[PDB]
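K.L.:
Sequence, then the experimental structure. Questions to follow.
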Amino acid sequence: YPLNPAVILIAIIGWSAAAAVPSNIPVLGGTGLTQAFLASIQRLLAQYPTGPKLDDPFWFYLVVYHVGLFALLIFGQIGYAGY
Amino acid sequence: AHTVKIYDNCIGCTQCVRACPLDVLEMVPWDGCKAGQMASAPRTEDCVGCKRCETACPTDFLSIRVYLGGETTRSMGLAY
Amino acid sequence: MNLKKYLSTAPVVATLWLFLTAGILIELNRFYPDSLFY
Amino acid sequence: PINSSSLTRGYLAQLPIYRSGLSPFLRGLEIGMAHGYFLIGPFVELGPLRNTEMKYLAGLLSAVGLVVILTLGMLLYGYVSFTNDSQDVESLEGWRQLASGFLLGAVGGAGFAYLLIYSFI
Amino acid sequence: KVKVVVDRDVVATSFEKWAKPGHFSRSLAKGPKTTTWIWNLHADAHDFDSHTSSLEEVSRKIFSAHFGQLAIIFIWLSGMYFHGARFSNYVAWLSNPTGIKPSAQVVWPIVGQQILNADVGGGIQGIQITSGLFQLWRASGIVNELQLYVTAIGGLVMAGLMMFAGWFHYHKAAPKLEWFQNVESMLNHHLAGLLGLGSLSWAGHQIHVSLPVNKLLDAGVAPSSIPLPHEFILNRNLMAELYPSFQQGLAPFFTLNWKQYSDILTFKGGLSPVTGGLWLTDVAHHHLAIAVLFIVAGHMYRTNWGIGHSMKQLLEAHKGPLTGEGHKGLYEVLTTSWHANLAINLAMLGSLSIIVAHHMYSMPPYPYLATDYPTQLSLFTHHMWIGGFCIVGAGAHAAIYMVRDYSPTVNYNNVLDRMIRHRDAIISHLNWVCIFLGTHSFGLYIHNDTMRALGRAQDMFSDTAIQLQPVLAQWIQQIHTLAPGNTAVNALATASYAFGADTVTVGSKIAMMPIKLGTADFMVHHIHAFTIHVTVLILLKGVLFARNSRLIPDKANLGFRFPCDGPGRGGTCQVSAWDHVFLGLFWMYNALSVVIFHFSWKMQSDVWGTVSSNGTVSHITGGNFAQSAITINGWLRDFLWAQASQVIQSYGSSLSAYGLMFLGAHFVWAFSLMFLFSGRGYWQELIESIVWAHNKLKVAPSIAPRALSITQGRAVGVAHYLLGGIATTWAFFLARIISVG
Amino acid sequence: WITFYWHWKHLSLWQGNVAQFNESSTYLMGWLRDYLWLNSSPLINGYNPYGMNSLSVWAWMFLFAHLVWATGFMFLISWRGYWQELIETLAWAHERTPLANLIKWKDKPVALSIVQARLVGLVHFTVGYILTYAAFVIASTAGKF
Amino acid sequence: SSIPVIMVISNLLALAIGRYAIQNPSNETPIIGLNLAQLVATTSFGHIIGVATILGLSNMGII
Ligand code: CLA
Ligand code: CLA
Ligand code: CLA
Ligand code: CLA
Ligand SMILES: CC1=C(/C=C/C(C)=C/C=C/C(C)=C/C=C/C=C(C)/C=C/C=C(C)/C=C/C2=C(C)CCCC2(C)C)C(C)(C)CCC1
Ligand SMILES: CC1=C(/C=C/C(C)=C/C=C/C(C)=C/C=C/C=C(C)/C=C/C=C(C)/C=C/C2=C(C)CCCC2(C)C)C(C)(C)CCC1
Ligand SMILES: CC1=C(C/C=C(\C)CCC[C@H](C)CCC[C@H](C)CCCC(C)C)C(=O)c2ccccc2C1=O
Ligand code: SF4
Ligand code: SF4
């Protein structure tokens, strides 16, 4: 297994740029997934002690980002290792 | 260990010896039956007491008999 | 002759005999209902 | 970096039970400290006196109670398992020193966890 | 390459072998000397790969036997339609779906059994049915008894054709092995031809018959006054009145102006407020979308024209560095073993029956199903049981594959071989997970029983004490509630009201509403996780150790089904793969019993019930699940004891058959324990004394009486245990829900 | 059967409703409904969501006894070979688990013997049978009078 | 007007994709160089791609 930690560098920029496309409107904004997700952490780390509720869409921006990131980086391992 | 005995009504068919998965039994020369051979149980230290030998014995009643005795690593069939 | 041998097999004759038996008992209770004594 | 063998046995090698140089007592002591410290947690927060003034005391005493049973268990194991006696852990003398280490460690570790929660309540 | 090749006039049609019991087996053909032979005849009758070594001859029996099964299914369906036509209140029920109880079984007046002809309404007396046939037939647009009669006759003609085809493809035109091994062709045809065209042609029925009939029924038109289905096809103006898109005809389909069919093909979600069923315009569109998917899917596999995938090439390509030769060999395994295929197919069909159970209660697909609580409870429970049995069967056939069909040459360093090579790691970890799940799921109930009994309600796992909120399930409910207009932009309403949003009522009765998950729901879900992991432990252990263990190194030679390898090695009772299936059945029974009890109680407590004019929900068991379902005592008292009231008070009423069957089923269950707890050695010795008495009176039979085999004792035991246990719940459920629902 | 009969006949006598026994005892639903189901109510309400009373111990014992009875079925229905094969994997796992594999059994763990499991199964069955009825016969009578 | 144009392009692209995509193309056809089986296969793909694209742009109010 060649490893090469640069797979993680491509996994971030590769997914983030693809996820930063402008969407329609609701429970996202129209900016994108990342722009909503990076805005969700900004207004949550502002109140560092008191964490999010189940009502908050942060939990959706977390799962759909990570389940997209983990998908893009796992398929990143197979590609670099198995040319 | 288990005790395996061969009684005189043994017809020397070899079926018990063929059935034994532990090689406990063997056929020995004997004038007592037409087959000219009798089952023997020389290696009963290896006998697990599965009674495949008795299942195979065609005589009524059995000519080979397994008396389950004191358990050992070998007789309990333990690979640990 | 082979069909008749089949119809003489245990389960067929048992089915037909117990059908006939059940029919007689059912029909006796249809015409003589609620017989608690002779 | 193999992961299965290299990182596994590399990590395991540095654990107090396996680490080269340690006397049975210091292996025990390190194992004790680690266990005593975390073992107080469930008793403090989920025990029958968790919503009383005795929440923390009850939690500490319970942990010491459990640790005593574990140490007695250790001693019984060693007595039964090791008829032979030597300085190494897997021996009558070594296992008793390990047990002594574990008990001191775990009572101290428990005590230390109790001290920090009182310090930073 | 893909060709039809058959042998002609391969088996003469003669009654000769009918008069020769056990002709099919070399061991049985000689006939009985003992009663064991009679059982063996039946146990072996369908074990075709034991009769002959020829894969061709096995395949041909299977294909022909399958037609026998379809023939029987057609007789059964025909029966259901004929009973609907002749002995039902279906026509009356169409005019009052909420008021009349569906009934399609009338009992004869004999020995007082006519008490079972219940006051169901619609001018008949009969047994209330829970199969949901009326809701199915109403969804299909059936309004009169002629339509049901003609379907029943059609069914008998299909049964006849299936019998002819079974006979024909065994006796006259038997396909060769190479015909059956056309898996690529079979999958193209089954995907595009069976599922694709099935769904397309059904969508056709829905758009042309179901839609117009149900729209007029839902508007309140008298079913007799509704135009017959063919009038909607003949007169397009009739159809255009109901769905204006029919003005534009098929021009919008060929021109890709598909939005014109927004009236007939919708994405409304939710339920009809009239019927409490899925919108049939949603269902018609679903079936169109599925049909396309399946017709497209069935172009995947290479047949006679170069294009398409080799399933062999696909399997062999899916090879990584952690899984050796990967899926190499599996194409050979699945083209040479019927049991391998039956293993997969039962796993998926069984798992499908369970998915169907969950989807059909929560998204009630049929009109007036949701508020027919007997039907809802019956359909969920039924499809759970069928699913459970199929999954255990998957275990049986996976293990039969391992004993009879597995070769190390085919499975060399492939995923199957590699699994066998760490069976100890697999089973040790699953064992551990079963102990972890059992202690931390069932332990919570025992903790709770103990704390409640000790007067320590504040020390319990409950919504009001130590809360275990199923926060992930709660979070998923929220996402599904927020879906319409958001992540499902064109969906007007939720897939299911089970997830959130509104309470749907039909009359006063609740069709569906949000199913709130709390501590009681968290706890029972971990029981389900637990009971499923253990069942998997038993069946998977059966498969991975089918051929050998450290205990029995030559287990494959002893076969799939054998009682033991004797009392030695400490005792080897129930080492066989068959005995794992035997044990798997009890755990499946355990697992699914708790599922259908969870369902029954949760739905009665928190979902089903009445909504007043004020608009206050009164549930059947008034929300007792949250505080009662967190202790075993609560299950015993507030579920079994409380809800058994209906079945045990049923004597002298139309539900008395359920009371009788409740006791009858308890009897059969208890009777099973005689077989499960005993051994044939006792029974053979008892029979010796009974045989002595017959010999004394010169009335001993030539067919020597034998105690059942060790294996048959177990088979009889588990069969009566399951029959008794399941039939008990059946009587309990139907008596309960027909009374209170 | 003997003790059920004694108890129901006496419950009916003591209540002054001999007619209940006389009419209900001639069919088995009468026994299930008018004896077992009817008299279970005080017992199973020994504790409930609303609180607990002096019958809580009989309610808890009752469930305990049903559990013990059912645990017996495991030993009576599932026989040795299943268990010995499972124990083999657990022995395998223990020896290959780091830290844990420093600890050694002195006695090789094996599945219970064929006869042992009959005895252990019968003891759970018998204990469950006795404690279940003890809790019922005491709590049903104590709860009623 | 846009529907025939997109459909012809999608069919022509699927035909071009087909020359590289299909295992062992014909090259015994005057201009397209695919056999009838492959022509039906590619045009079938071109229809699915065409219908899906058209419905994509129609849903987005582009055509
Ligand atoms: C089996 C599951 C189960 C669970 C989870 C609980 C939980 C609880 N019980 Mg109950 N109880 C149970 C079953 C259970 N019980 C049963 C079967 C009975 C018999 C009737 C009882 C009878 C009972 C009584 C009489 C009492 C309790 C009490 C309690 C509470 C405190 C117990 C305590 O201090 O534990 C101590 C726990 C530990 C020392 C450790 C637990 C295990 C650790 C956390 C595992 C960690 C593994 C880790 C992740 C591995 C990582 C390794 C590496 C990677 C680093 C707690 C809420 C008490 C209470 O007051 O209730 C509120 C109490 O008085 N229980
Ligand atoms: C119509 C007349 C007919 C005749 C004379 C034959 C004759 C024969 N068939 Mg053929 N066959 C037929 C129709 C016929 N078949 C049909 C309709 C089918 C499609 C199912 C087949 C498919 C078929 C197969 C797959 C096989 C045969 C075989 C045979 C031979 C042995 C059959 C035997 O012993 O069955 C006697 C068995 C029965 C009478 C039981 C039949 C069970 C039926 C199908 C289902 C019963 C319904 C339901 C389950 C009942 C439940 C009731 C409840 C009490 C539980 C014999 C030459 C076998 C053979 O070995 O030939 C060389 C063989 O393997 N046949
Ligand atoms: C369009 C093609 C087509 C269709 C519809 C089917 C359908 C079926 N096959 Mg398959 N099969 C096919 C092609 C097809 N096959 C090909 C090419 C092969 C060789 C590669 C196979 C090899 C095969 C085997 C080996 C087996 C099957 C079996 C089945 C049945 C599975 C059980 C089921 O789902 O019952 C669903 C039942 C129905 C939908 C009712 C009966 C339908 C009948 C048979 C007619 C359907 C088609 C007809 C054109 C309809 C006309 C419509 C009308 C309006 C004009 C099912 C009837 C199994 C079986 O049960 O065989 C008896 C089985 O063992 N098939
Ligand atoms: C109520 C009846 C009952 C109970 C309690 C058990 C229990 C068990 N079965 Mg058995 N089983 C049963 C009926 C039962 N079975 C029957 C009738 C059959 C015949 C079909 C079987 C056949 C069978 C098979 C074939 C298998 C099982 C397995 C299991 C184990 C599952 C793992 C687990 O959860 O362990 C944990 C224990 C429990 C959940 C029981 C109670 C736990 C309590 C509440 C918590 C702990 C209490 C604490 C330690 C007590 C201290 C008190 C003390 C100091 C006095 C578990 C030991 C499987 C197994 O071994 O999995 C690894 C397995 O493969 N069973
Ligand atoms: C989450 C996570 C995890 C886990 C974790 C863990 C597992 C941890 C643990 C930890 C621990 C478990 C710790 C502990 C500690 C302890 C301590 C810190 C102690 C100390 C003590 C002291 C300080 C003292 C003592 C004493 C006294 C006091 C007295 C006398 C005696 C003596 C001396 C003993 C991991 C990593 C996997 C991964 C990532 C994430
Ligand atoms: C209920 C029931 C029944 C009934 C049944 C029925 C009555 C059925 C029907 C069915 C049907 C009646 C079907 C149909 C079908 C059809 C189809 C499947 C078609 C299709 C077609 C297509 C696919 C097309 C194509 C195309 C294209 C794509 C291109 C252009 C042109 C066209 C359009 C031509 C019975 C009796 C069995 C009994 C049991 C139950
Ligand atoms: C009760 C019991 C028996 C005894 C049961 C036997 C032998 C089966 C009884 C046979 C029944 C009664 C059918 C025989 C009926 C004849 C075919 C006659 C029919 C007459 C008419 C109805 C046609 C065992 O042999 C056995 C073996 C292994 C484990 C447990 C047990 C077990 O529990
Ligand atoms: S099977 Fe019996 S008769 Fe044959 S050799 Fe062995 S002991 Fe003798
Ligand atoms: S008790 Fe029965 S199953 Fe167990 S070893 Fe003996 S003969 Fe075999």
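P.N.:
Noted; the coordinates are in hand. Numbers count the residues shown, from 1 in each chain, chains lettered A, B, ... in the order given. Ligands and ions are numbered 1, 2, ... in the order given.
K.L.:
in which helix or strand would I find residue 15?
P.N.:
Using chain A. In the assignment (DSSP states H and E), residue A:15 maps to helix A:6-19.
K.L.:
look at chain G instead
P.N.:
Residue-wise, residue G:15 maps onto helix G:2-21 under DSSP H and E.
K.L.:
which is the next helix or strand following that helix?
P.N.:
Defined by DSSP H and E, the subsequent element after helix G:2-21 is helix G:36-59.
K.L.:
and that next one with chain A, contact?
P.N.:
No - using C-beta under 8 Å from any C-beta of the partner chain, we find that helix G:36-59 stays clear of chain A, coming within 11.3 Å at best. (Each C-beta comes from the backbone N, C-alpha and C, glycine too.)
K.L.:
could you give the angle of that helix to helix G:2-21?
P.N.:
Between helix G:36-59 and helix G:2-21, the angle comes out at 140 degrees (axes from the mean of the first three to the mean of the last three C-alpha atoms, to 10 degrees).
K.L.:
Helix G:36-59: which residues count as buried?
P.N.:
Using 16 or more other C-beta atoms under 10 Å in any protein chain shown as the test for burial, helix G:36-59 gives G:38, G:41, G:42, G:43, G:45, G:46, G:49, G:50, G:51, G:53, G:54, G:58.
K.L.:
check contacts around the fourth one.
P.N.:
Same thing as residue G:43. Neighbouring residues of residue G:43 by C-beta atoms under 8 Å, 6 or more residues apart in numbering or on different chains: G:11, G:14, G:15.
K.L.:
The last one now?
P.N.:
Taking C-beta under 8 Å, 6+ apart as the contact definition, residue G:58 lies against E:256, E:259.
K.L.:
I'd like to know how far it sits from residue E:4.
P.N.:
44 Å (C-beta to C-beta, to the nearest Å).
K.L.:
what does chain E put close to ligand 2?
P.N.:
Chain E has residues E:11, E:13-15, E:17-18, E:23-24, E:61, E:64-65, E:67-68, E:72, E:163, E:166-167, E:170-171 near ligand 2, with proximity defined as C-beta under 6 Å from any ligand atom.
K.L.:
repeat that for 8 Å
P.N.:
E:11-18, E:20-21, E:23-24, E:48, E:51, E:60-65, E:67-68, E:71-72, E:163-167, E:169-171 (C-beta under 8 Å from any ligand atom).
K.L.:
And the helices in chain C?
P.N.:
Secondary structure of chain C (DSSP state H): helices at C:2-7, C:10-31.
K.L.:
Please render those as CSV that adds mean neighbour count to the earlier fields.
P.N.:
What follows is the helices of chain C, written out as CSV (neighbours: other C-beta atoms under 10 Å in any protein chain shown):
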stretch, mean neighbour count
helix C:2-7, 12
helix C:10-31, 11
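K.L.:
which one of the ones you listed lies closest to ligand 7?
P.N.:
helix C:10-31 (3.7 Å; C-beta to the nearest ligand atom).
K.L.:
For the closest one, enumerate the helices and strands it packs against.
P.N.:
Packing partners of helix C:10-31 (3 or more C-beta pairs under 8 Å, 6 or more residues apart in numbering or on different chains; DSSP states H and E): helix C:2-7.
K.L.:
Pull the distance from the helix it packs on to the chain's centre.
P.N.:
19 Å (C-alpha atoms, centre = their mean, to the nearest Å).
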